[PDB]
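# Structural features, examined
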Amino acid sequence: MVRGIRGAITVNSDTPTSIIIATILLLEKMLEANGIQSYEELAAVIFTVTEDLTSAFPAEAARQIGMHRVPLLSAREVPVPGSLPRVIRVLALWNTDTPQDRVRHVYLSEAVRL
Amino acid sequence: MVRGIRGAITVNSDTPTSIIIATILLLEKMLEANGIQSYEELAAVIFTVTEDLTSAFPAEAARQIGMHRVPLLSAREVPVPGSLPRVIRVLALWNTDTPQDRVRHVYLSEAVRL
Amino acid sequence: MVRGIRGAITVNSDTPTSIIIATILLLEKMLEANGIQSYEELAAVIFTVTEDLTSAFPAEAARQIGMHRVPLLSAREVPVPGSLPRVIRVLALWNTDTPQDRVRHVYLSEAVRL
Amino acid sequence: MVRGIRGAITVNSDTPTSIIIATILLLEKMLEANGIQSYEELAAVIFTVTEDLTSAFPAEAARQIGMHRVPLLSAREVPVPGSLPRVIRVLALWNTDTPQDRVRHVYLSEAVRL
Amino acid sequence: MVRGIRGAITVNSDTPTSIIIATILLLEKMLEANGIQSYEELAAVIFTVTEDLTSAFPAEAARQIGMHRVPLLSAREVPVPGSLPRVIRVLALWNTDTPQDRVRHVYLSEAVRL
Amino acid sequence: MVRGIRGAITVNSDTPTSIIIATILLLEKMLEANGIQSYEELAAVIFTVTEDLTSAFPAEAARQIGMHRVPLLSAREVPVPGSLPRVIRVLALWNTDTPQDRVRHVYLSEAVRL
Amino acid sequence: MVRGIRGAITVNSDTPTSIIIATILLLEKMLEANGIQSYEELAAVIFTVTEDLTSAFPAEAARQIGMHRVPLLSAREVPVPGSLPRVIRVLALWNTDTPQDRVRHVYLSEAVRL
Amino acid sequence: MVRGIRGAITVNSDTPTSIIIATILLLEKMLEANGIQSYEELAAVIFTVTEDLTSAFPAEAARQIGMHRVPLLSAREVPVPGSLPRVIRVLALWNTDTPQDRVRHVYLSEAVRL
Amino acid sequence: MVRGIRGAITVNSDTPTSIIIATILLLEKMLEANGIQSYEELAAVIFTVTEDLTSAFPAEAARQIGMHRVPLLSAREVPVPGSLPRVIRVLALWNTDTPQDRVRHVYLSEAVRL
Amino acid sequence: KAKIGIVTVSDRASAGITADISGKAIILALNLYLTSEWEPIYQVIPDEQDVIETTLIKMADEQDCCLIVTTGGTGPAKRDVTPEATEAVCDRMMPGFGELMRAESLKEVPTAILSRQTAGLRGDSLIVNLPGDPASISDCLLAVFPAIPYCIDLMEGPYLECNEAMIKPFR
Amino acid sequence: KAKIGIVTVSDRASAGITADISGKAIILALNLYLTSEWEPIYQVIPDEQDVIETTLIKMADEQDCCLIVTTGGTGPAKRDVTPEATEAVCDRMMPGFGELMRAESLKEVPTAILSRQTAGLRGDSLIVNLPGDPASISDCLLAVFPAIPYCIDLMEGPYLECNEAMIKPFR
Amino acid sequence: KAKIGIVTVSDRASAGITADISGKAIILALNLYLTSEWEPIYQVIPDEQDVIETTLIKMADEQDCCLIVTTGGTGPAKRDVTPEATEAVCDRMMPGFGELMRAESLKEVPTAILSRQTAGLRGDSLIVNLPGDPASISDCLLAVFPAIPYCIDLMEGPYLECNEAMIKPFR
Ligand SMILES: [Ca+2]
Ligand SMILES: [Ca+2]
Ligand SMILES: [Ca+2]
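Residues numbered from 1 in each chain as written, not as in the entry; some residues may be left out. Chains lettered and ligands numbered in written order. Part of a larger assembly, values for the part shown. Heavy atoms only, no water. Residues with missing side-chain atoms left out of burial classes, pairs and counts.

For this deposition, the record names X-ray crystallography as the technique by which the model was determined and cites 2.80 Å as its resolution.

Going by the annotation in the PDB entry, the name recorded for chain J is Molybdenum cofactor biosynthesis protein MogA, with Shewanella oneidensis given as the source organism. Quoted straight from UniProt, the Pathway (unreviewed entry) entry for chain J says "Cofactor biosynthesis; molybdopterin biosynthesis." Per UniProt, chain J has the following entry under Sequence similarities (unreviewed entry): "Belongs to the MoaB/Mog family." (UniProt positions renumbered as here; feature names shortened; annotations may be inferred.)

For chain A, the PDB entry supplies the name Chorismate mutase AroH and the organism Thermus thermophilus. Taken verbatim from the UniProt record of chain A, the Pathway comment is "Metabolic intermediate biosynthesis; prephenate biosynthesis; prephenate from chorismate: step 1/1."

Structure representation (structure tokens):
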């Protein structure tokens, strides 16, 4: 009995400091919005980045807030022409009985346009 | 208690109309084959596309059939030399107690060769 | 109620024989470490490969040990400069009530450095 | 005591047949609109063409309608980015006492946009 | 009975704002220097620009000071090596009985060097 | 009441000495042929050169025979493929009541072919 | 009976002002350190520069402090990869009975690292 | 009262180990052949290398045999086409009253051909 | 007790015949100007050539006038932009008690400009 | 309608010796830039700091100019005091304007470092210094003006709309 | 342990309306940069110049912060006065900080000239202004921070060691 | 003859501990630059602001220096106060000098933003701050000096002629 949680955020530059910070912010905001109390509730978390972001692993930011015992995976997003640049996307798999329409998805900065 | 559902379909061209249509067809066929009655049964859905398809997000097609409250994610497939071109792949994560051997996977068009 | 299992392994060359073998080894080691008794326990398995590995699908190796009824998906990893080369990563989604801190993750060969 | 007459016309291709025909049409229309009765009334006629038209002299078309005794000159127009393509412009110098606001200028085909 | 009036002016950059302003200044100065009281006195006005100026039509500036009923034409100047860069030149054809040596020609900014 | 006078001449090379000399010769011949007695009779003179002549201004030659008080302008001719190379063309605007068919136009050297 | 004197100095840029100044400083410091009282004591002076310094002759700086009657020669240093950049080296040949271990060699700025 | 001593030697490759060793060998052989008993007898030593040798300073080898208090300088040899490749040349300036025809010059390996 | 002697000469071409001849001339002139009676007076001779001279060794010319027992060395001069082309420079080290201001330096052909 | 101030600072022009083409150029540029209604408030004054200060204050406080553009008196000449007068009447300065103008001009003239233009805010009014040279006027405005409509936006001033073909402001 | 000040200047954040993610971002960056022990001294204050001055002075003199980083109130908005408060409390200014930050941002937004950030020294304390925009925070710090540990070195302050993989300071 | 001031600001050099090669370098550069007659007016002083101010004022007002070049005391070190002393004695500042010098040095060292040099005018005298580092002296002068003869021209000062092979000023 699992619910996915989507998140997204943009950065202004392809640097490690920016990607990690944005990811931390998004991750923390995703957890708070849904009232998650422990990392033990997470089956797994998957990240994607657009092709214009290569300097850092988003997964590193999750470990900065102690998600060591949570399984993480990252991949590259489809590079659609004209699509929003420099986006970090998150799919958290959450062990919960929360109804689908009661899950809260989090879109930050310019990623709100998505 | 989750079961994955795999799907795949090919297109003849890298255009948005083709990718979205093929995806809709595959998605609708995946749901029907397994007797799913509501989008609320889906934890999440993940797509991949081969590197020769860049014009559109497959996730857009899912929203065309009202999968707004379902969390979606897309990524790029490994570009193996000599591998089947122009493939959209789907992994739906389904909340069900269906036995593994009773889940129905859907391979359409030239993707049947997979 | 799902737990992810992470694995990783390196290869010394981009050939099909090497990628498939390494993947089989990693997969078998992941299952043994966690005491899994049947493929029916697996919701799904996701693979990623670094951009320097293109000759083969990791998913093919899973089918070599009879994971036919298990849903598989593969994607490309983010190509971070200076990051460990030639890595196959696995995320298995496991139907279990095992505590998060009792799940065993498997890092083999040079991938131990991760 | 001289009045200039401006004309302009576009063509769809850089061929001699098209440029000469368009020029003849424009020239004949310029003369008719102003009620000119003889080529002897013309001090001179100057043409310009955009840089995407090189296959023919506009002055050749004037000689096709018997402007042999009229002095003709042609030059290249300024190639402004985003400006209307493939334009033939004419400045006829007319010996007349016609008021400035009673002279009739002629803009044909897509050149009307000018 | 016509007298030409020559003008010239330089600009420091190939931008529309600069070319139009410089042209307006030159045009206004040409008219004032010769005591012209109405645009109706002008048979026609011809402009040339050096090849390093392509962003704008000089003729546009004349229309900014209401020379709508005056016929205008523009062309490219000969690109002589080592010749003064970025020059707008004007030849106004003036209906007047002014003696040739009583006509006043106007050379502005670095164009004074001409 | 103005009549244009056309002239043309060719040169064998793109050098300043050749262009200026040819222009002087043409100019002097144009004036003599029409019986002009003073530069005061000229409203203006316009030159064009083909794109294979860039080393000099034709207008400079007119000033070598004292046409200082005469307004001069030069432009580039349309570069038609296969058209006669290395041509200097002149259009003099002459204040005269000479009939159109009594004006004498001057074509020198290989420019006679025009 | 001759003793060589070695000197070296670095500059931050390949400009004449920098090379000459640095050389003067080094030369003056070399003379002072060894207590030389006259240029007449110098048999000769040889300079070398690294390949990243080409804008000036070091020998010119010696003439700025009046070494006109002293014979000077300059050459290029071996361009070793990873070797200190932008170095001016001096070998002065000094007529003296000073013991070898009593001669003072002068290494300035970043050249101290040598 | 100074005598120069010339030496030369070849190497088979542009590596530091080879250049330094060859130089040491040549230097030691130069000293022995002339019966020099102390480094204090040397005013200075100058080296040149052909353009195909860039990996090391020859001067480094002299310091390996304790020539610390001896002033050293190196430069690039003229790259004559067809001239012997990979040559290290030495000019030692020796404080001695030895007759010119009693000084012994040392040419080793393929450098004997010089 | 040593005095350097400087010489320089230019050549019109990078050929062996020219470089050797010019060098011989310069060398002979250097010796004569200073009244040297024997090659035994020379400690050593050093040459430099500009980078536009590569066809020959200057040292070869010295051996053409019997300087076999004299130690010779050659190097490349610094290639300063705008500096005099095609220069052969000589520094002879002369065993003499001649005062510094009584030594005669020799600059020949266009090298006089130095 | 938005009101924009144009201040020509020049002893020669105010004395009626030289014609003020520098000031005329700014007005021409602004007419080319703006497609919205605006009223030019224009005045020629000598290189006297007391006069300049009073002028800027009168334009920003009394006549309510959202933007005031000055020209002249920005050099090292003894009388050039326009930046000083500007700094005196403003409560907050905008270093980014002078920095960018000098940066764009240095690609041409090395003597661009002799320019001392600044920009500042007096209440809800933006004051910008341009050099006296008529030719440099267009290039200087073109550099900083794409930021000016948004600056005025942040001060609750008039919403200036522009001719995109001439200039493109960022918001 | 080295003590670093973080000052969020915002009426909305201090009033508890908007969440302060700008301040949180700076702390996250500094945690990523520094591998040596340090204590964050953090406070949210309104856009009131008297309050800002007092705050900066309290952090540099009383609490002994070697580095104080502010965010917000650097724009042309009427209430934005952080640079003024900074200039008031510092004995010496560092023009090079604002110059570089605006220079790096201009490659993106033309409106970077509307930014008025400066930096200064109060005794042995370096104070640096960052813009309010959370996204611009990382890029601004990344530009100037490679010089900050050496600056603090010159003032006999704490020897800050950095994570090279994140940032590389020059000494 | 034109008179040019050279001021070395350094506690160690004025105390006679360290040799002043920074000041010697400026004189060497100026000798290489100028082909016209000029007299160097040179003095070494400690990092004391009262002394620096008095020195600059004495050189510009009493000894009539058209150009005064200082070196040292432009960093974030506690004693470095040369820019402050410069700003105190000048009636008008030239921001373009410090802006360009920092801009050229940033291509090398990221710590170029720690430099606080400025330039200003006292009456008819141009004062320019150079860093203390002897190596940076040539590159800093080379950057700003092509504008200095024309600056001095505008103040009715001496007409400095230059060695084109060494440096090319713009007029
Ligand atoms: Ca107001
Ligand atoms: Ca303190
Ligand atoms: Ca004075």
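## Brief notes about the overall build of chain J
A tally of helices and strands in chain J yields seven helices and six strands. Radius of gyration (C-alpha) of chain J: 15 Å, near the 16 Å computed for a compact globule of 171 residues. Reported as C-alpha extents along the three principal axes, the dimensions of chain J are approximately 40 × 40 × 30 Å. Pairs at least 24 residues apart make up 73% of the contacts formed inside chain J by residues separated by at least 6 positions. (Helix = DSSP H or I, 4+ residues; strand = E, 2+ residues; numbered from the N terminus. Rg over C-alpha atoms; globule rule 2.2 N^0.38 Å. Contact = heavy atoms within 4.5 Å.)

## A closer look at the overall build of chain A
In terms of helices and strands, chain A carries two helices and five strands. Tracing chain A from N to C terminus, the helices and strands come up as β-α-β-α-β-β-β. For 114 residues, the compact-globule estimate of 2.2 N^0.38 gives 13 Å, and the C-alpha radius of gyration of chain A, at 14 Å, lies within 12% of that figure. With respect to the principal axes defined by its C-alpha atoms, chain A has extents near 40 × 30 × 20 Å. For chain A, restricting intrachain contacts to residue pairs at least 6 apart in sequence, the fraction spanning at least 24 positions comes to 89%.

## Some remarks on the relation of the copies chain A and chain B
By a simple turn and slide, chain A fits onto chain B: the slide is 0.0 Å along the axis, the RMSD is 0.0 Å, and the turn is 120°. The operation mapping one copy onto its partner corresponds to a three-fold rotation axis. Rotation axis and chain A: the residue whose C-alpha lies nearest the axis is A:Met1, separated from it by 3.1 Å. (Least-squares fit on C-alpha atoms.)

## Some thoughts on the arrangement of the chains
When C-alpha atoms are compared, chain C and chain J, though not in contact, are closest at a spacing of 33 Å. As for chain K relative to chain F, no contact occurs, and the smallest C-alpha gap between them is 39 Å.

## Considering the interface of chain G and chain L
Often, the extent of an interface is quoted as the loss of accessible area on bringing the components together. Of the residues lining the interface, 12 residues belong to chain G; the matching set on chain L comes to 14 residues. Examining the composition of the side of chain G that touches chain L, we find that eight residues originate from one element, helix α1 (residues 16–34) of chain G, more than from any other. For the side of chain G that touches chain L, the class distribution of residues is five nonpolar, six polar and one charged. (Nonpolar A, V, L, I, M, F, W, Y, C, P; charged D, E, K, R; others polar.)

## So, the environment of B:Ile19
Residue and element names in this part refer to chain B. Following the sequence through the fold, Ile-19 ends up in helix α1 (residues 16–34). Measuring from C-alpha to C-alpha, the distance between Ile-19 and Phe-47 comes to 12 Å, with 28 residues separating the pair along the chain. Apart from residues no more than four positions distant in its own chain, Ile-19 is found in contact with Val-11, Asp-14, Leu-53, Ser-55, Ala-56 and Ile-88.

## A look at the interface of chain A and chain B
Contacts between the two partners involve 20 residues from chain A and, on the opposite side, 24 residues from chain B. Class assignment of the residues belonging to the side of chain A that touches chain B gives a composition of 10 nonpolar, five polar and five charged.

## Some details on the UniProt feature "binding site: Ca(2+)" (unreviewed entry) in chain J
Residue and element names in this part refer to chain J. Per the UniProt record, the feature "binding site: Ca(2+)" (unreviewed entry) sits at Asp-64 and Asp-124. Spanning 61 residues, the annotated positions come together in the fold, the maximum distance between their C-alpha atoms being 8.6 Å. Considering the arrangement of structural elements, one finds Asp-64 in the loop between α3 (49–62) and β3 (67–71). With respect to the helices and strands, the residue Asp-124 is situated in the loop between β5 (119–122) and β6 (125–130). Those residues in contact with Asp-124 that lie beyond four places of it in its chain are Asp-64, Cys-66 and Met-155.

## Let's talk about the pattern of salt bridges
In this structure, K:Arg171 and K:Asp153 form a salt bridge, with 2.5 Å as the shortest nitrogen-oxygen distance. One end of the pair, K:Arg171, is in the segment after α7 (148–153); the other, K:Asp153, is in helix α7, with 18 residues separating them in the sequence. (Salt bridge = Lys/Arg side-chain N within 4 Å of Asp/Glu carboxyl O.)

## Quick notes on the sheet that holds strand β1 (residues 2–9) of chain L
Residue and element names in this part refer to chain L. On the basis of which strands lie adjacent, the open sheet formed by six strands has the order β2-β1-β3-β6-β5-β4 and mixed pairing. Since the sheet does not close on itself, it has two edges, and those belong to β2 (38–45) and β4 (92–93), each with one partner. Pairing of β1 with β2 involves eight bridges; the strand directions are parallel. Note that in β2 the partner of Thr-8 across the bridge is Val-44. (Pairing = 2+ DSSP bridges.)

## Some thoughts on the environment of E:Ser13
Of note, E:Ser13 is situated in the loop between β1 (2–10) and α1 (16–34). Spatially, the C-alpha atom of E:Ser13 lies 38 Å from that of E:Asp97, the residues being 84 residues apart in sequence. Residues in contact with E:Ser13, not counting those within four places in the same chain, are E:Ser18, E:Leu53, E:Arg86 and J:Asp139.

## With respect to the UniProt feature "domain: MoaB/Mog" (unreviewed entry) in chain J
Feature annotation in UniProt assigns "domain: MoaB/Mog" (unreviewed entry) to the following positions: residues 5–151 of chain J. Secondary structure over residues 5–151 of chain J splits into 44% helix and 20% strand, and the C-alpha atoms at its two ends are 16 Å apart.

## Re helix α2 (residues 21–33) of chain L
For α2(L), spanning 13 residues, the distance from its first C-alpha to its last is 18 Å, which sits close to the expected 18 Å at 1.5 Å a residue. Looking at where α2(L) begins, the residue whose side-chain oxygen comes 2.9 Å from the main-chain nitrogen of L:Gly23 is L:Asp20. (Expected span 1.5 Å × (residues − 1). Polar contact = N/O pair within 3.5 Å; in protein donor to acceptor, adjacent residues only side chain to side chain.)

## Notes on the packing of α3(J) against helix α4 (residues 82–89) of chain J
Residue and element names in this part refer to chain J. One can describe the packing of α3 onto α4 by two numbers: an axis separation of 9 Å at closest approach and a directional angle of 45°. Taken together, the axes of α3 and α4 are oblique relative to one another. For the crossing formed where α3 meets α4, the hand is right-handed. Where α3 abuts α4, its residues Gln-49, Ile-52, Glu-53, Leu-56 and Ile-57 lie against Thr-82, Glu-84, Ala-85, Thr-86, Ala-88 and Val-89. Here the residues of the contact of α3 with α4 sort into six nonpolar, three polar and two charged. (Axes fitted to C-alpha atoms, helices over the stretch in contact; angles between N-to-C directions. Parallel < 35°, antiparallel > 145°, perpendicular 65-115°, else oblique. Left-handed = near helix turned anticlockwise from the far one by under 90°.)

## Looking at the packing of aromatic side chains
When the ring of K:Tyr33 is compared with that of K:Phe145, the centres are 4.9 Å apart and the planes differ by 35°; the resulting orientation is tilted. In this pair, K:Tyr33 sits in helix α2 (residues 21–33) while K:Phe145 sits in the loop between α6 (134–144) and α7, placing the two residues 112 residues apart along the sequence. It is J:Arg171 that lies over the ring of J:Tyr159; its NZ or CZ is 3.9 Å from the centre. (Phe/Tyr/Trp six-rings, centres within 6.5 Å; stacked < 30°, edge-to-face > 60°. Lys NZ or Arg CZ within 6 Å of the ring centre and 35° of its normal.)

## Brief notes about the environment of L:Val128
Along the chain, L:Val128 falls in strand β6 (residues 125–130). When neighbours within four sequence positions are excluded, L:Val128 is seen to be in contact with L:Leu67, L:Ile68, L:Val69, L:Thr70, L:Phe97, L:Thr118 and L:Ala119.

## Considering the sheet that holds strand β5 (residues 106–108) of chain C
Residues and elements named next belong to chain C. The five strands are arranged β3-β2-β4-β1-β5 in an open sheet whose pairing can be described as mixed. Each having just a single partner strand, β3 (72–76) and β5 make up the two edges of the open sheet. Within this sheet the neighbouring strands show an average axis-to-axis angle of 15°, counted without direction. Judged from the five bridges that link them, strand β2 (residues 42–49) and β3 form a sheet pairing that is parallel. Opposite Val-45, over in β3, you have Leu-72 as the bridge partner.

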